[PDB]
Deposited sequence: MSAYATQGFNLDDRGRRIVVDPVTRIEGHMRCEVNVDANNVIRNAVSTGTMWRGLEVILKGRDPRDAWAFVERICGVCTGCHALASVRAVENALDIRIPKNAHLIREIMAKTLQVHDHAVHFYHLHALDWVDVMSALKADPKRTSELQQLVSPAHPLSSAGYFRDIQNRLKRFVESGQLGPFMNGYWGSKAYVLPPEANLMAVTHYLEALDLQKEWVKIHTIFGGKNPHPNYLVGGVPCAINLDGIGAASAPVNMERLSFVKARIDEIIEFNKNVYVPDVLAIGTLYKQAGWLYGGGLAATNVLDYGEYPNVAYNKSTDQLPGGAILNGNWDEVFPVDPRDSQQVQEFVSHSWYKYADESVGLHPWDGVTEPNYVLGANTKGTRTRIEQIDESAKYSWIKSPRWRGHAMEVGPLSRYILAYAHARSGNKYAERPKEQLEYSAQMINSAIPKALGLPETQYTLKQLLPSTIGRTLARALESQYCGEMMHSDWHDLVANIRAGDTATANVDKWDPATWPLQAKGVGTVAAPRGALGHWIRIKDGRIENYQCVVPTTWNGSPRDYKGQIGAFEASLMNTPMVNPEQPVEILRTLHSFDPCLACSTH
């Protein structure tokens, strides 16, 4: 047992293993210890995959890198491509044209929406929603619930909910439950009434059908989804508004994109945000405010979405770092500073010359070292209980000035809130969303459902699994709104006569400096993403990625400090220690992408 970051870690209790962790991207193992009352008193995050993209990139052409690193992940598809082209452009002093900037922003915001909405419904919702309970719901009461939760959503009649309920029923009555087989249905950890469950399941089905439409924006600009194409110096989708049909982008293609954006805005406003507000309210009323972890103290994002390109002071999700829960002081974060972002491997399956220090990613090293500690139960190829006192993950341990940080939509919303309080006007919309959301959760939704009003502040409500889930939904809404404005600006710029989509001045490596280094950052769906590159004689000398889930899923560092996943699980009661309902609910609130975390 030891204490770190205010958490009292104790591994003397009953050990519980969750392997595989499902409804995530990629491969994770989680172990916890619980005390005599089933409260988690230790948590262990193990990334269970590695591919070695950083090693594979050595010696290749920087112009090709984006395509390799894009394949780090098909869920956050394109965010790595964006970081890569930014990193190469930074290294080579390349400024992309305005239309390329706007198209990339629209693609990024499209990914945010798609990734957030699919995550919540198809990966997260079954931690909050009991599908078998939905079978017992009254269709009439479900219709009435729907009208209170989201008055503007047109799909609200009793017959519509009866139809969905019956298909679900027939499916279950078949005896082949598919994705619902061996679920934790009926657990007391589930608190929603049947009507709320049926509403949510119905939206799970609606979103599965709709998500395929949103990504057609990627298809227009990048050819395909998953894995749309990017380009060092701009975008490949050349513009000819007028032989119009022969160019990748003409007015009709832009109108198509706008139609998809308008649909996105509708879905976020009428389905996604209201569902999360309603589910959050009900779990809040049940007292389930666990899972805050490091969000209560330390949060980080690089900052993103400048309304003036290459001017970070105009970031619409302004970033930086908060420490010790002091929301009155946002420290600037510089990805170029060797003393800020650093990665440790003390408890990771890698080796450094000296593992008592952290390496900034321009000096990063990726040499595998799969070895298990002396207190392991089982063998090298058959682990029963992992030894977290030694090396226990394929995930490296990123820290900021040595501090363990949480990253993600929640981090960005806390930072935006802090920025807005300090007088930053670019953060006014997220501040508004948060204040609106607090009032809905505390007062409006309780009043409408006949529940008592509460008086939680944002500082109390946000650092929690509920809060983490809420911030994701709000971010989706904000990204939809922002890309709606980006579309107008793109169309306006083209109509003014600027059709440029690529700067090719430094496309040929004969124009390059013989060595260079660059960094590209992105506010990826799961948090702060960076790619750091060194170029030598036209080739990649080093390429290091530090990815959002690398931060959140980090194992312990040299100092034994715990990362976001491990901290978030601490001090959480489990209804039944052999059913990981609460572990899954909190882990999933981070939207873990394990392929990302390890690359």
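- Residues of the deposited sequence lacking C-alpha coordinates, counted from 1, fall in the stretches 1 to 2, 245 to 246.
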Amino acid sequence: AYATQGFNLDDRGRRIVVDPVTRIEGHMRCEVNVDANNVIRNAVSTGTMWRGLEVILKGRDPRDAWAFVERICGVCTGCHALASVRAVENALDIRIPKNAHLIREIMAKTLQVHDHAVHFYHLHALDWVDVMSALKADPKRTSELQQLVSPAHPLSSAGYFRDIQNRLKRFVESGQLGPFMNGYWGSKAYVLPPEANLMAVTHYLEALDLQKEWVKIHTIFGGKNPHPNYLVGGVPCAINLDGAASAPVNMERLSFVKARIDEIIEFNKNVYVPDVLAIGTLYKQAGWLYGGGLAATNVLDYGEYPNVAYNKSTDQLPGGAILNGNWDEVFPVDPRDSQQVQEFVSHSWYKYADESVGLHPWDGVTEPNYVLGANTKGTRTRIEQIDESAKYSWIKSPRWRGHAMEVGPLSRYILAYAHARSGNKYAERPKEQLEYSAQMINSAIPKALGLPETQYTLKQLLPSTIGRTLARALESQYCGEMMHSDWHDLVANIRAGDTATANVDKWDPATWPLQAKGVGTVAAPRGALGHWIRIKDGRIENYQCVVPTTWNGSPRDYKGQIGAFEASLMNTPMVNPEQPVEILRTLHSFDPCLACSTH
From here on, numbers count along this sequence of modelled residues.
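- Annotation: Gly319 does not belong to the positions left without coordinates in a third of the other compared entries; each one with flanking residues models it.
- In at least a third of the other PDB entries of this protein that model the residues around it, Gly243 has no coordinates.
- Mean CA temperature factor is higher for 361 to 369 when stretches 472 to 480 and 361 to 369 are set side by side in the entry.
- Look at the mean CA B-factor for 139 to 147 and for 126 to 134 in the entry; the higher one is 139 to 147.
- Per the PDB record, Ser443 has a higher Cα B-factor than any other of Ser443, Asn90, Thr77, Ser464.
- Highest CA B-factor among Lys377, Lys258, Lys109, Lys396, as stated in the entry: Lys377.
- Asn8: CA B factor lies in the highest third for its chain, per the PDB record.
- When all modelled residues of the chain are sorted by CA temperature factor, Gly234 is found within the lowest third.
- In the PDB entry, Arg167 places in the highest third of its chain by CA B-factor.
- Among the modelled residues of its chain, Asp301 has a C-alpha B-factor that falls in the lowest third according to the deposited record.
- Split the chain's modelled residues into thirds by C-alpha temperature factor. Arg41 is in the middle one.
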